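Undergrad: File follows, start_9.tsv with TSV, C-alpha atoms:
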chain	number	residue	atom	x	y	z
S	86	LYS	CA	-25.08	-20.11	-31.60
S	87	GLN	CA	-27.71	-17.82	-30.07
S	88	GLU	CA	-29.40	-21.10	-29.13
S	89	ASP	CA	-26.17	-22.63	-27.81
S	90	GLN	CA	-25.08	-19.31	-26.28
S	91	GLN	CA	-28.32	-19.16	-24.31
S	92	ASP	CA	-27.95	-22.74	-23.08
S	93	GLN	CA	-24.33	-22.14	-22.06
S	94	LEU	CA	-25.17	-18.92	-20.22
S	95	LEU	CA	-28.01	-20.61	-18.34
S	96	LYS	CA	-25.74	-23.51	-17.39
S	97	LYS	CA	-23.08	-21.04	-16.22
S	98	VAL	CA	-25.67	-19.20	-14.11
S	99	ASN	CA	-27.06	-22.41	-12.62
S	100	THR	CA	-23.50	-23.55	-11.91
S	101	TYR	CA	-22.87	-20.27	-10.08
S	102	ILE	CA	-26.06	-20.76	-8.06
S	103	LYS	CA	-24.99	-24.27	-7.02
S	104	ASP	CA	-21.34	-23.46	-6.31
S	105	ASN	CA	-22.44	-20.59	-4.08
S	106	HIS	CA	-25.35	-22.45	-2.39
S	107	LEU	CA	-27.96	-19.92	-3.53
S	108	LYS	CA	-30.72	-22.34	-4.60
S	109	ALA	CA	-33.00	-21.29	-1.72
S	110	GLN	CA	-32.57	-17.57	-2.52
S	111	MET	CA	-33.03	-17.51	-6.30
S	112	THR	CA	-33.95	-19.55	-9.37
S	113	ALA	CA	-32.85	-19.18	-12.98
S	114	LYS	CA	-34.63	-19.81	-16.26
S	115	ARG	CA	-34.57	-18.98	-19.95
S	116	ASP	CA	-37.30	-17.38	-22.04
S	117	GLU	CA	-37.57	-15.04	-25.03
S	118	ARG	CA	-36.01	-12.22	-22.98
S	119	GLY	CA	-32.85	-14.21	-22.23
S	120	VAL	CA	-31.63	-15.77	-18.97
S	121	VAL	CA	-33.69	-14.56	-15.99
S	122	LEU	CA	-32.88	-14.59	-12.27
S	123	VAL	CA	-36.03	-14.67	-10.13
S	124	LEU	CA	-35.87	-13.37	-6.55
S	125	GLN	CA	-38.95	-13.49	-4.34
S	126	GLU	CA	-39.82	-10.27	-2.52
S	127	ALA	CA	-38.91	-11.73	0.88
S	128	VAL	CA	-35.17	-12.02	0.12
S	129	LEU	CA	-34.96	-8.33	-0.87
S	130	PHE	CA	-37.64	-6.11	0.68
S	131	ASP	CA	-40.15	-5.66	3.45
S	132	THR	CA	-43.83	-5.73	2.54
S	133	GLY	CA	-44.95	-2.66	0.60
S	134	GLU	CA	-41.42	-1.23	0.71
S	135	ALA	CA	-38.62	-0.81	-1.84
S	136	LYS	CA	-35.56	-0.33	0.39
S	137	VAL	CA	-33.02	-3.13	0.02
S	138	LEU	CA	-32.81	-4.91	3.37
S	139	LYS	CA	-29.43	-5.04	5.09
S	140	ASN	CA	-29.60	-8.86	5.14
S	141	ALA	CA	-30.22	-8.72	1.37
S	142	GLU	CA	-26.88	-7.01	0.68
S	143	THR	CA	-24.86	-10.24	0.81
S	144	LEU	CA	-27.11	-11.91	-1.78
S	145	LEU	CA	-27.00	-8.87	-4.07
S	146	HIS	CA	-23.21	-8.78	-3.76
S	147	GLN	CA	-23.05	-12.46	-4.75
S	148	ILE	CA	-25.24	-11.70	-7.77
S	149	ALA	CA	-23.05	-8.70	-8.62
S	150	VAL	CA	-19.94	-10.91	-8.59
S	151	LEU	CA	-21.60	-13.10	-11.22
S	152	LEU	CA	-22.75	-10.08	-13.24
S	153	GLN	CA	-19.23	-8.64	-13.44
S	154	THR	CA	-18.00	-11.78	-15.23
S	155	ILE	CA	-20.32	-11.26	-18.24
S	156	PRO	CA	-20.81	-8.35	-20.66
S	157	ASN	CA	-24.56	-8.63	-21.27
S	158	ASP	CA	-26.95	-5.78	-20.59
S	159	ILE	CA	-29.14	-6.17	-17.50
S	160	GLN	CA	-32.85	-5.41	-17.11
S	161	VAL	CA	-34.13	-5.42	-13.51
S	162	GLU	CA	-37.90	-5.92	-13.42
S	163	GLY	CA	-40.14	-5.08	-10.47
S	164	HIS	CA	-43.54	-6.70	-9.97
S	165	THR	CA	-46.37	-6.31	-7.48
S	166	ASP	CA	-49.42	-8.37	-6.69
S	167	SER	CA	-52.85	-6.85	-7.32
S	168	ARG	CA	-53.19	-5.56	-3.75
S	169	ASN	CA	-53.67	-1.81	-3.76
S	170	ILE	CA	-50.91	0.42	-2.46
S	171	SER	CA	-51.35	4.17	-2.09
S	172	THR	CA	-48.88	5.81	0.29
S	173	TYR	CA	-46.94	9.05	0.11
S	174	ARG	CA	-43.77	7.12	-0.77
S	175	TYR	CA	-45.41	4.79	-3.34
S	176	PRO	CA	-48.58	6.26	-4.89
S	177	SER	CA	-49.39	3.13	-6.94
S	178	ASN	CA	-48.18	-0.34	-7.86
S	179	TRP	CA	-46.43	1.17	-10.90
S	180	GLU	CA	-44.24	3.29	-8.62
S	181	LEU	CA	-43.66	0.47	-6.13
S	182	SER	CA	-42.61	-2.04	-8.79
S	183	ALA	CA	-40.32	0.51	-10.42
S	184	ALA	CA	-38.86	1.63	-7.09
S	185	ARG	CA	-37.89	-1.97	-6.30
S	186	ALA	CA	-36.10	-2.47	-9.61
S	187	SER	CA	-34.44	0.91	-9.06
S	188	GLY	CA	-33.33	0.06	-5.52
S	189	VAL	CA	-31.66	-3.11	-6.79
S	190	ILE	CA	-29.90	-1.24	-9.59
S	191	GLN	CA	-28.80	1.56	-7.25
S	192	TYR	CA	-27.21	-1.13	-5.08
S	193	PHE	CA	-25.43	-2.68	-8.07
S	194	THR	CA	-24.08	0.63	-9.37
S	195	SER	CA	-23.44	2.85	-6.35
S	196	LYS	CA	-22.16	0.24	-3.91
S	197	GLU	CA	-20.92	-2.70	-6.03
S	198	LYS	CA	-19.63	-0.32	-8.76
S	199	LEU	CA	-21.07	-2.07	-11.78
S	200	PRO	CA	-21.32	0.34	-14.75
S	201	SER	CA	-24.65	2.17	-14.81
S	202	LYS	CA	-24.93	1.89	-18.61
S	203	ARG	CA	-25.47	-1.86	-18.20
S	204	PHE	CA	-28.83	-1.40	-16.45
S	205	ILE	CA	-32.45	-0.51	-17.17
S	206	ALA	CA	-35.11	-0.31	-14.44
S	207	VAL	CA	-38.50	-1.72	-15.45
S	208	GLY	CA	-41.77	-1.67	-13.54
S	209	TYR	CA	-44.70	-3.92	-14.45
S	210	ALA	CA	-47.06	-3.20	-11.51
S	211	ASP	CA	-49.42	-6.23	-11.44
S	212	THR	CA	-49.64	-6.66	-15.23
S	213	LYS	CA	-47.49	-9.85	-15.37
S	214	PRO	CA	-48.66	-12.28	-12.68
S	215	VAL	CA	-47.24	-15.78	-12.43
S	216	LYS	CA	-50.74	-17.29	-12.39
S	217	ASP	CA	-53.28	-14.92	-10.78
S	218	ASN	CA	-54.14	-13.17	-7.51
S	219	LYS	CA	-57.10	-15.25	-6.30
S	220	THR	CA	-55.17	-16.74	-3.35
S	221	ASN	CA	-52.56	-15.51	-0.90
S	222	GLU	CA	-50.18	-18.13	-2.30
S	223	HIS	CA	-50.66	-16.75	-5.81
S	224	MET	CA	-50.25	-13.10	-4.78
S	225	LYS	CA	-47.04	-13.94	-2.90
S	226	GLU	CA	-45.22	-15.32	-5.94
S	227	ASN	CA	-46.27	-12.28	-8.00
S	228	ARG	CA	-44.22	-10.08	-5.62
S	229	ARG	CA	-40.88	-10.82	-7.21
S	230	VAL	CA	-37.88	-9.13	-8.80
S	231	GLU	CA	-36.57	-10.56	-12.07
S	232	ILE	CA	-33.03	-9.79	-13.24
S	233	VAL	CA	-33.02	-10.33	-17.00
S	234	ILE	CA	-29.65	-11.07	-18.62
S	235	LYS	CA	-30.31	-9.99	-22.20
S	236	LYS	CA	-28.91	-11.68	-25.30
S	237	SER	CA	-25.45	-10.46	-26.27
V	83	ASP	CA	-41.52	-7.31	-44.72
V	84	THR	CA	-39.77	-4.41	-42.99
V	85	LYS	CA	-40.57	-1.96	-45.80
V	86	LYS	CA	-44.19	-2.94	-45.22
V	87	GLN	CA	-43.60	-2.40	-41.48
V	88	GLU	CA	-41.37	0.68	-41.80
V	89	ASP	CA	-43.79	2.34	-44.23
V	90	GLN	CA	-46.40	1.53	-41.59
V	91	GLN	CA	-44.29	3.34	-38.97
V	92	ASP	CA	-43.90	6.23	-41.40
V	93	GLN	CA	-47.69	6.58	-41.58
V	94	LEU	CA	-48.03	6.36	-37.80
V	95	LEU	CA	-45.49	9.15	-37.23
V	96	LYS	CA	-47.31	11.29	-39.79
V	97	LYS	CA	-50.57	10.63	-37.93
V	98	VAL	CA	-48.93	11.60	-34.63
V	99	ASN	CA	-47.40	14.77	-36.09
V	100	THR	CA	-50.77	15.68	-37.59
V	101	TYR	CA	-52.45	15.10	-34.22
V	102	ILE	CA	-49.91	17.44	-32.61
V	103	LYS	CA	-50.44	20.12	-35.26
V	104	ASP	CA	-54.24	19.89	-35.31
V	105	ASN	CA	-54.52	20.16	-31.51
V	106	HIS	CA	-52.02	23.04	-31.11
V	107	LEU	CA	-49.58	20.92	-29.09
V	108	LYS	CA	-46.29	21.79	-30.85
V	109	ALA	CA	-44.96	23.82	-27.91
V	110	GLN	CA	-45.67	20.97	-25.48
V	111	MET	CA	-44.49	17.81	-27.27
V	112	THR	CA	-42.49	16.58	-30.22
V	113	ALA	CA	-42.56	13.25	-32.03
V	114	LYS	CA	-39.90	11.21	-33.79
V	115	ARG	CA	-39.18	7.70	-35.02
V	116	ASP	CA	-36.18	5.49	-34.27
V	117	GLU	CA	-35.47	1.78	-33.78
V	118	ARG	CA	-37.77	1.65	-30.74
V	119	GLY	CA	-40.82	2.85	-32.68
V	120	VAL	CA	-42.69	6.18	-32.75
V	121	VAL	CA	-41.76	8.29	-29.73
V	122	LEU	CA	-43.47	11.26	-28.08
V	123	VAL	CA	-40.98	13.50	-26.27
V	124	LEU	CA	-42.17	15.64	-23.36
V	125	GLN	CA	-39.79	17.96	-21.51
V	126	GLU	CA	-39.95	17.59	-17.74
V	127	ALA	CA	-41.47	21.04	-17.14
V	128	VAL	CA	-44.73	20.16	-18.92
V	129	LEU	CA	-45.27	17.26	-16.47
V	130	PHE	CA	-43.40	17.70	-13.16
V	131	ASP	CA	-41.90	20.31	-10.92
V	132	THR	CA	-38.17	20.19	-10.16
V	133	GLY	CA	-37.10	17.01	-8.39
V	134	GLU	CA	-40.62	15.58	-8.13
V	135	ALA	CA	-42.57	12.79	-9.82
V	136	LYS	CA	-46.12	13.98	-9.07
V	137	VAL	CA	-47.93	14.95	-12.26
V	138	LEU	CA	-48.85	18.63	-12.21
V	139	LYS	CA	-52.57	19.38	-12.33
V	140	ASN	CA	-51.96	21.66	-15.31
V	141	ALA	CA	-50.45	18.72	-17.24
V	142	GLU	CA	-53.71	16.77	-17.09
V	143	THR	CA	-55.18	18.42	-20.20
V	144	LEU	CA	-52.11	17.45	-22.23
V	145	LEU	CA	-52.12	13.89	-20.88
V	146	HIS	CA	-55.81	13.60	-21.76
V	147	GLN	CA	-55.06	14.73	-25.32
V	148	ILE	CA	-52.29	12.13	-25.46
V	149	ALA	CA	-54.62	9.47	-24.04
V	150	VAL	CA	-57.20	10.19	-26.75
V	151	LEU	CA	-54.51	9.60	-29.39
V	152	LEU	CA	-53.35	6.38	-27.71
V	153	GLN	CA	-56.92	5.04	-27.62
V	154	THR	CA	-56.99	5.03	-31.44
V	155	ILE	CA	-54.09	2.57	-31.80
V	156	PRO	CA	-53.50	-0.93	-30.32
V	157	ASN	CA	-49.73	-0.69	-29.84
V	158	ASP	CA	-47.90	-1.47	-26.62
V	159	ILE	CA	-46.55	1.62	-24.84
V	160	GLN	CA	-43.26	2.09	-22.99
V	161	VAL	CA	-43.01	5.23	-20.85
V	162	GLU	CA	-39.36	6.14	-20.22
V	163	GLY	CA	-38.06	8.43	-17.49
V	164	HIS	CA	-34.73	10.24	-17.84
V	165	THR	CA	-32.73	12.45	-15.49
V	166	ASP	CA	-29.69	14.64	-15.96
V	167	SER	CA	-26.45	14.09	-14.03
V	168	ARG	CA	-27.59	16.22	-11.07
V	169	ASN	CA	-27.59	14.02	-7.97
V	170	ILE	CA	-30.77	13.61	-5.91
V	171	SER	CA	-31.12	11.98	-2.48
V	172	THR	CA	-34.48	12.89	-0.94
V	173	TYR	CA	-36.97	10.81	1.03
V	174	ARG	CA	-39.12	9.75	-1.93
V	175	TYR	CA	-36.24	9.47	-4.46
V	176	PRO	CA	-32.95	8.05	-3.13
V	177	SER	CA	-31.27	8.47	-6.56
V	178	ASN	CA	-31.83	9.18	-10.25
V	179	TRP	CA	-32.81	5.58	-11.04
V	180	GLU	CA	-35.72	5.98	-8.62
V	181	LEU	CA	-36.66	9.48	-9.79
V	182	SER	CA	-36.66	8.55	-13.48
V	183	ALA	CA	-38.68	5.39	-12.83
V	184	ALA	CA	-41.18	7.21	-10.61
V	185	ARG	CA	-41.74	9.82	-13.31
V	186	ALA	CA	-42.55	7.14	-15.89
V	187	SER	CA	-44.82	5.49	-13.30
V	188	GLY	CA	-46.71	8.69	-12.51
V	189	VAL	CA	-47.51	9.19	-16.19
V	190	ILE	CA	-48.74	5.60	-16.53
V	191	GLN	CA	-50.81	5.79	-13.35
V	192	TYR	CA	-52.61	8.83	-14.75
V	193	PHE	CA	-53.25	7.05	-18.06
V	194	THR	CA	-54.65	3.95	-16.32
V	195	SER	CA	-56.40	5.39	-13.25
V	196	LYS	CA	-57.81	8.59	-14.80
V	197	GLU	CA	-57.98	8.05	-18.59
V	198	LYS	CA	-59.04	4.37	-18.37
V	199	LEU	CA	-56.36	3.05	-20.72
V	200	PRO	CA	-55.78	-0.66	-19.96
V	201	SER	CA	-52.84	-1.31	-17.65
V	202	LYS	CA	-51.68	-4.22	-19.84
V	203	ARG	CA	-50.62	-1.74	-22.55
V	204	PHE	CA	-47.89	-0.11	-20.43
V	205	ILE	CA	-44.48	-0.72	-18.95
V	206	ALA	CA	-42.61	1.86	-16.88
V	207	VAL	CA	-38.92	2.27	-17.67
V	208	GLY	CA	-36.27	4.26	-15.82
V	209	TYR	CA	-32.93	5.13	-17.43
V	210	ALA	CA	-31.48	7.53	-14.80
V	211	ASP	CA	-28.90	9.63	-16.73
V	212	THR	CA	-27.68	6.76	-18.94
V	213	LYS	CA	-29.37	8.07	-22.13
V	214	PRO	CA	-28.70	11.80	-22.52
V	215	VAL	CA	-29.85	13.74	-25.56
V	216	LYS	CA	-26.32	15.03	-26.13
V	217	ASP	CA	-24.42	15.61	-22.88
V	218	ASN	CA	-24.54	17.24	-19.44
V	219	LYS	CA	-21.90	19.93	-19.99
V	220	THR	CA	-24.27	22.91	-20.26
V	221	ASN	CA	-27.46	23.97	-18.49
V	222	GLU	CA	-29.50	23.72	-21.70
V	223	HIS	CA	-28.27	20.18	-22.38
V	224	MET	CA	-28.99	19.07	-18.82
V	225	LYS	CA	-32.48	20.55	-19.16
V	226	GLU	CA	-33.31	18.59	-22.32
V	227	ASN	CA	-31.99	15.39	-20.73
V	228	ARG	CA	-34.74	15.72	-18.09
V	229	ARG	CA	-37.52	14.39	-20.27
V	230	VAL	CA	-40.21	11.74	-20.60
V	231	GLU	CA	-40.43	9.64	-23.77
V	232	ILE	CA	-43.64	7.76	-24.60
V	233	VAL	CA	-42.58	4.97	-26.95
V	234	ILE	CA	-45.28	3.56	-29.24
V	235	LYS	CA	-43.98	0.04	-29.85
V	236	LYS	CA	-44.15	-1.85	-33.13
V	237	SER	CA	-46.78	-4.48	-33.88
Go through the file and emit its structure as structure tokens.
TA:
Amino acid sequence: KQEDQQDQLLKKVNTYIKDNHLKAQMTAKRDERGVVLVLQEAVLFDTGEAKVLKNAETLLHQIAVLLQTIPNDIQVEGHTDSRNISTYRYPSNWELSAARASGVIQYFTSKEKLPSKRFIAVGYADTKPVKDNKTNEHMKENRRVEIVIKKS
Amino acid sequence: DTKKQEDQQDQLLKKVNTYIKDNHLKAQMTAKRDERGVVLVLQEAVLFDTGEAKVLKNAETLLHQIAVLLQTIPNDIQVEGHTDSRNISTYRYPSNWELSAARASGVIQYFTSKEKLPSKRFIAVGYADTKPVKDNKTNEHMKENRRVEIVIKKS
């Protein structure tokens, strides 16, 4: 059923995306990790920052409403492009990617009250690009947060 | 299958423990094995000052000695940050999720930017206070919860 369970979870997620008119804010897919929600950087953060935008709070609440209806563990993954960052607040792409996953989880737990034990923050820096970083188009899609719904 | 792979993990842990003994590192790190793989445990005070995620200069010798050991094996590495239940809300770290993740990231950045270990071998992981060693009732238990674990993943 792990095969059927994964299909049924992905259909439930895609049904939630459609019923809530969220297609332009997020996509959903399945891979070896489980069912993954992909959010581009622009719907969550400013450039080079990890603070959840105020206009992102409605989207994250809508995701949290879906997440409360399932028991699976959640892994929030942060990613950067290969562009160098080196500020006081984010001394490398490792810190930036991990701070973005952390900011999403802090929203889910502190303000939507989902149980903290359901979450793990993961930072990949630029080690998992979609394709590459040779163009501005390609670097843009690498700046993304992925919410992994693990197998249960 | 597993017995071939668990006996392999047994030999890796023995190698790690021997590396710790031979380099006089017992007071600065321990090693263990569990379902994740072979894990190096470093208490926060050998890496960071209180409430910060910047690697201390005096930790760089230990991280170099760890990097030399990691260069001899191909395994993927997961660096895990852990906090206690003490709340933090500063400019650089709005909460324990951020602090734990930044501490894992600072260790990895040193490995990749200073020791030349390939970035593709690492992932940074933050657990906040969701994985204590025992509890957060006493000062000694809260202290041991503030730790970094370097997980040598299976092959």
Undergrad: Residues of chain S within 12 Å of chain V: nearest atom pair and distance (Å, one decimal) for each, counting all atoms listed in the file, sorted by chain and number, as JSON lines?
TA:
{"residue": "S:134", "atom": "CA", "partner": "V:174", "partner_atom": "CA", "distance": 11.5}
{"residue": "S:135", "atom": "CA", "partner": "V:180", "partner_atom": "CA", "distance": 10.0}
{"residue": "S:136", "atom": "CA", "partner": "V:176", "partner_atom": "CA", "distance": 9.5}
{"residue": "S:137", "atom": "CA", "partner": "V:176", "partner_atom": "CA", "distance": 11.6}
{"residue": "S:159", "atom": "CA", "partner": "V:209", "partner_atom": "CA", "distance": 11.9}
{"residue": "S:160", "atom": "CA", "partner": "V:207", "partner_atom": "CA", "distance": 9.8}
{"residue": "S:161", "atom": "CA", "partner": "V:207", "partner_atom": "CA", "distance": 10.0}
{"residue": "S:162", "atom": "CA", "partner": "V:207", "partner_atom": "CA", "distance": 9.3}
{"residue": "S:163", "atom": "CA", "partner": "V:206", "partner_atom": "CA", "distance": 9.8}
{"residue": "S:164", "atom": "CA", "partner": "V:205", "partner_atom": "CA", "distance": 10.8}
{"residue": "S:167", "atom": "CA", "partner": "V:201", "partner_atom": "CA", "distance": 11.7}
{"residue": "S:171", "atom": "CA", "partner": "V:191", "partner_atom": "CA", "distance": 11.4}
{"residue": "S:172", "atom": "CA", "partner": "V:174", "partner_atom": "CA", "distance": 10.8}
{"residue": "S:173", "atom": "CA", "partner": "V:174", "partner_atom": "CA", "distance": 8.1}
{"residue": "S:174", "atom": "CA", "partner": "V:174", "partner_atom": "CA", "distance": 5.5}
{"residue": "S:175", "atom": "CA", "partner": "V:174", "partner_atom": "CA", "distance": 8.1}
{"residue": "S:176", "atom": "CA", "partner": "V:188", "partner_atom": "CA", "distance": 8.2}
{"residue": "S:177", "atom": "CA", "partner": "V:191", "partner_atom": "CA", "distance": 7.1}
{"residue": "S:178", "atom": "CA", "partner": "V:191", "partner_atom": "CA", "distance": 8.6}
{"residue": "S:179", "atom": "CA", "partner": "V:187", "partner_atom": "CA", "distance": 5.2}
{"residue": "S:180", "atom": "CA", "partner": "V:187", "partner_atom": "CA", "distance": 5.2}
{"residue": "S:181", "atom": "CA", "partner": "V:184", "partner_atom": "CA", "distance": 8.5}
{"residue": "S:182", "atom": "CA", "partner": "V:206", "partner_atom": "CA", "distance": 9.0}
{"residue": "S:183", "atom": "CA", "partner": "V:183", "partner_atom": "CA", "distance": 5.7}
{"residue": "S:184", "atom": "CA", "partner": "V:180", "partner_atom": "CA", "distance": 5.6}
{"residue": "S:185", "atom": "CA", "partner": "V:180", "partner_atom": "CA", "distance": 8.6}
{"residue": "S:186", "atom": "CA", "partner": "V:180", "partner_atom": "CA", "distance": 8.5}
{"residue": "S:187", "atom": "CA", "partner": "V:180", "partner_atom": "CA", "distance": 5.2}
{"residue": "S:188", "atom": "CA", "partner": "V:180", "partner_atom": "CA", "distance": 7.1}
{"residue": "S:189", "atom": "CA", "partner": "V:179", "partner_atom": "CA", "distance": 9.7}
{"residue": "S:190", "atom": "CA", "partner": "V:179", "partner_atom": "CA", "distance": 7.6}
{"residue": "S:191", "atom": "CA", "partner": "V:179", "partner_atom": "CA", "distance": 6.8}
{"residue": "S:192", "atom": "CA", "partner": "V:177", "partner_atom": "CA", "distance": 10.5}
{"residue": "S:193", "atom": "CA", "partner": "V:179", "partner_atom": "CA", "distance": 11.5}
{"residue": "S:194", "atom": "CA", "partner": "V:179", "partner_atom": "CA", "distance": 10.2}
{"residue": "S:195", "atom": "CA", "partner": "V:177", "partner_atom": "CA", "distance": 9.6}
{"residue": "S:200", "atom": "CA", "partner": "V:212", "partner_atom": "CA", "distance": 10.0}
{"residue": "S:201", "atom": "CA", "partner": "V:212", "partner_atom": "CA", "distance": 6.9}
{"residue": "S:202", "atom": "CA", "partner": "V:212", "partner_atom": "CA", "distance": 5.6}
{"residue": "S:203", "atom": "CA", "partner": "V:212", "partner_atom": "CA", "distance": 8.9}
{"residue": "S:204", "atom": "CA", "partner": "V:209", "partner_atom": "CA", "distance": 7.8}
{"residue": "S:205", "atom": "CA", "partner": "V:209", "partner_atom": "CA", "distance": 5.7}
{"residue": "S:206", "atom": "CA", "partner": "V:208", "partner_atom": "CA", "distance": 4.9}
{"residue": "S:207", "atom": "CA", "partner": "V:207", "partner_atom": "CA", "distance": 4.6}
{"residue": "S:208", "atom": "CA", "partner": "V:206", "partner_atom": "CA", "distance": 4.9}
{"residue": "S:209", "atom": "CA", "partner": "V:205", "partner_atom": "CA", "distance": 5.5}
{"residue": "S:210", "atom": "CA", "partner": "V:205", "partner_atom": "CA", "distance": 8.3}
{"residue": "S:211", "atom": "CA", "partner": "V:201", "partner_atom": "CA", "distance": 8.6}
{"residue": "S:212", "atom": "CA", "partner": "V:202", "partner_atom": "CA", "distance": 5.6}
{"residue": "S:213", "atom": "CA", "partner": "V:202", "partner_atom": "CA", "distance": 8.3}
{"residue": "S:214", "atom": "CA", "partner": "V:202", "partner_atom": "CA", "distance": 11.2}
Undergrad: Kindly give the distance, in Å, that separates CA of residue 166 in chain S and CA of residue 139 in chain V, rounded to a single decimal.
TA: 28.5 Å
Undergrad: So, with all atoms listed in the file as the atoms that count, which of V:128, V:155, V:232, V:215 lies closest to residue 142 in chain V?
TA: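 Looking at the shortest contact to residue 142 in chain V, the residue is V:128.
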Undergrad: Between V:83, V:217, V:88, V:231, which is the closest to residue 129 in chain V once you count all atoms listed in the file?
TA: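 So, comparing all the options, the nearest one is V:231.
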Undergrad: Of the candidates V:138, V:121, V:199, V:224, which one gets nearest to residue 150 in chain V if we count only C-alpha atoms?
TA: V:199
Undergrad: Identify which of the residues V:229, V:103, V:96, V:219 lies closest to residue 125 in chain V, counting only C-alpha atoms when measuring atom-to-atom distances.
TA: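 Using only C-alpha atoms, the shortest distance to residue 125 in chain V belongs to V:229.
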Undergrad: Mind giving me the straight-line distance from CA of residue 94 in chain S to CA of residue 227 in chain S in Å, one decimal?
TA: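 Computing it gives 25.3 Å between the two atoms.
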Undergrad: For a test of reading the model, state the distance in Å between CA of residue 147 in chain V and CA of residue 234 in chain V, rounded to one decimal.
TA: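 Distance reported for this atom pair: 15.4 Å.
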Undergrad: Taking (-44.4, -11.1, -2.4) in the file's own coordinates, collect the residues within 8 Å, counting all atoms listed in the file, and hand them back as a count of residues only.
TA: 12
Undergrad: Which residues, written as a PyMOL selection string, have at least one atom at most 12 Å from residue 96 in chain S, with all atoms listed in the file counted and residues fewer than 5 positions away on the same chain left out?
TA: chain S and resi 89-91+101-104+113-115+120
Undergrad: Let me make sure I understand: among V:92, V:158, V:166, V:117, which one has the smallest atom-to-atom distance to residue 132 in chain V if we use all atoms listed in the file?
TA: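 Selected residue with least distance to residue 132 in chain V: V:166.
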Undergrad: So, counting all atoms listed in the file, which residue among S:199, S:95, S:232, S:170 is closest to residue 133 in chain S?
TA: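 Looking only at the distances to residue 133 in chain S, the closest residue turns out to be S:170.
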Undergrad: Need a file for range 206-231 of chain V from that block: C-alpha atoms, written as a CSV table (one decimal), in the first residue's frame.
TA:
chain,number,residue,atom,x,y,z
V,206,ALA,CA,22.6,20.9,7.5
V,207,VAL,CA,19.9,19.8,9.9
V,208,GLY,CA,18.2,21.7,12.8
V,209,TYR,CA,16.2,20.0,15.4
V,210,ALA,CA,15.6,22.9,17.9
V,211,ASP,CA,14.9,21.1,21.3
V,212,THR,CA,12.9,18.2,19.8
V,213,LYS,CA,15.6,15.6,20.4
V,214,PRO,CA,17.0,15.9,23.9
V,215,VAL,CA,19.6,13.5,25.3
V,216,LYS,CA,17.3,12.8,28.3
V,217,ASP,CA,15.3,15.9,29.4
V,218,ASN,CA,15.5,19.6,30.3
V,219,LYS,CA,14.8,19.3,34.0
V,220,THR,CA,18.3,20.0,35.3
V,221,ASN,CA,21.1,22.3,34.3
V,222,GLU,CA,23.4,19.3,33.4
V,223,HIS,CA,20.7,17.8,31.2
V,224,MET,CA,20.1,21.1,29.4
V,225,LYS,CA,23.8,21.5,28.9
V,226,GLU,CA,24.2,18.1,27.2
V,227,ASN,CA,21.2,18.8,25.0
V,228,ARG,CA,23.1,21.8,23.5
V,229,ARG,CA,25.2,19.7,21.2
V,230,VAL,CA,26.3,19.1,17.6
V,231,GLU,CA,26.1,15.6,16.1
